[PDB]
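J.: Experimental structure and its sequence below.
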There are 2 protein chains.
Amino acid sequence: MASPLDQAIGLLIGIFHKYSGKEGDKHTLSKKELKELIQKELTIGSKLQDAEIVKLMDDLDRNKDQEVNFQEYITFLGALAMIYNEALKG
Amino acid sequence: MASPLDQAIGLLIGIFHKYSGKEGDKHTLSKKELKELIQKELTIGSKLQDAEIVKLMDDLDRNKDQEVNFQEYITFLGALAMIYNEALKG
């Protein structure tokens, strides 16, 4: 069955594809799409703590002139998650 | 605030913490916990596609006798996703 994990994975995939879809090689996307993704799909406004700020900055270096793939996109979210849910860093 | 992304991230976090919590250093967990995680939380049984099998195998070789962190767990999930959610490859 589409258990909570599979569903949540499904969400992260769907979120990816929502932008990556347009890039043709929709297994990848870049800087612009990443900034869009975070800014649009995280309706935060109040730039939480540091994590998201650092993601937005980092994005420029992380990409520079290269597309990122799915897992490297996920890493953006996982890093975000770790930095603001400080707990996860132990 | 807790937009679809944040919620879905929240799910993957929650899933991790549900077991990783018990390790105390809940940034990390290992082989046994990982197999438990996927087995329990993906209520599949009817092994959808190779991905899950390959994860279950891979886990042993990946861990050996070494813990994995949150992002590495997310890599396990992201790889599972990649392999069975065919779209992510093509």
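T.: It's in. Residues are numbered from 1 along each chain as shown, chains lettered A, B, ... in the order given.
J.: rest of the way, CA atoms for contacts and neighbours
T.: Fine.
J.: need the longest helix for chain A.
T.: Using DSSP state H, we find that the single longest helix of chain A is helix A:4-20.
J.: Going by neighbour count, which residues of that one are buried?
T.: A:4-13, A:15-17, A:19-20 (16 or more other C-alpha atoms under 10 Å in any protein chain shown).
J.: Pull out whichever of these are also neighbours of chain B.
T.: Restricting the buried residues of helix A:4-20 to those near chain B by C-alpha under 8 Å from any C-alpha of the partner chain leaves A:4, A:5, A:6, A:8, A:9, A:11, A:12, A:15.
J.: Could you list the residues of chain A in contact with chain B?
T.: Residues of chain A found near chain B (C-alpha under 8 Å from any C-alpha) are A:1-6, A:8-9, A:11-12, A:15, A:26-27, A:41-44, A:70-71, A:74-75, A:77-79, A:81, A:87-90.
J.: Buried subset of those residues as a PyMOL selection?
T.: Only the buried entries of the residues of chain A next to chain B go into this PyMOL selection, using 16+ other C-alpha under 10 Å:
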select buried, chain A and resi 4+5+6+8+9+11+12+15+26+27+41+42+70+71+74+75+77+78+79+81+88+89
